[PDB]
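Numbering (the working numbering), first residue to last: 3 to 187.
A quick write-up on the structure given underneath.
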């Protein structure tokens, strides 16, 4: 007679954390389809409200995306891997981020996370994670003291929305995941 406990091994690697909330988890039938991904977002939004969603840190590693809570760091709310990521996109709003991962053979899950202000830096990391290296902070900002002002032309549209839109348009379908038979003759 003697007690005994076992524990896993801690994995420490250059990973970035993003402050976001946790809406919930909604299962999907298809791996792709903006009509399906967005159909899971509202579903969760309806159940729990904005304030109902707990604050959690979204840890996105090189080729992995782990969800850790704020109350604790060892708390793994959801363990997603870019390799499993079948399809990822943004909801009608640029302040929401939902991605569909593979949790088995055909059954896939779709988690959502509220990004503040928007999901420009987030959706940018996850999407870039598929390829590998990410650019991140561009650096080039707004000077302030303009010289020639008084004519129509260069718009004042931020490069943040220009992208956030694309995501909610065509989205990003992980290539690595090619087990289906959608190859045209």
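Heads up, the beta-carbon is just placed ideally off N, CA and C, and yes, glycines get one too.
Span of the alpha helix (DSSP H), counted from its first residue to its last, around residue i
i: residue 164; result: 161-169
i: residue 126; result: 124-133
i: residue 44; result: 36-49
Span separating the alpha-carbon of residue i from that of residue j
i: residue 82; j: residue 53; result: 24 Å
i: residue 87; j: residue 65; result: 10 Å
i: residue 19; j: residue 62; result: 6 Å
i: residue 93; j: residue 167; result: 10 Å
i: residue 67; j: residue 157; result: 35 Å
i: residue 132; j: residue 175; result: 9 Å
i: residue 22; j: residue 134; result: 23 Å
i: residue 108; j: residue 169; result: 24 Å
Residues near residue i in its chain [Cβ-Cβ closer than 7 Å; skip 5 each side]
i: residue 24; result: 55, 56, 58, 79 and 115
Bounding residues of the beta strand (DSSP E) (the contiguous stretch that carries residue i)
i: residue 61; result: 57-63
i: residue 100; result: 98-104
i: residue 91; result: 89-91
i: residue 71; result: 66-71
i: residue 16; result: Element bounds for residue 16: n/a, residue is neither H nor E.
i: residue 181; result: First-last for residue 181: undefined, no H or E at that position.
Proximal residues to residue i (C-beta, below 6 Å), its chain only, five neighbours per side dropped
i: residue 29; result: 111
i: residue 71; result: 58, 77 and 79
Identity of the residues DSSP links to residue i by a beta bridge
i: residue 26; result: 114
Inset, instruction - Indicate whether the contact test is met: 3 or more Cβ pairs, each with one atom in the segment 109-123 and one in the segment 87-98, closer than 8 Å. - result: yes
Legend entry - Three or more C-beta pairs below 8 Å linking the segment 34-41 and the segment 139-151: Too few Cβ pairs lie closer than 8 Å, so no.
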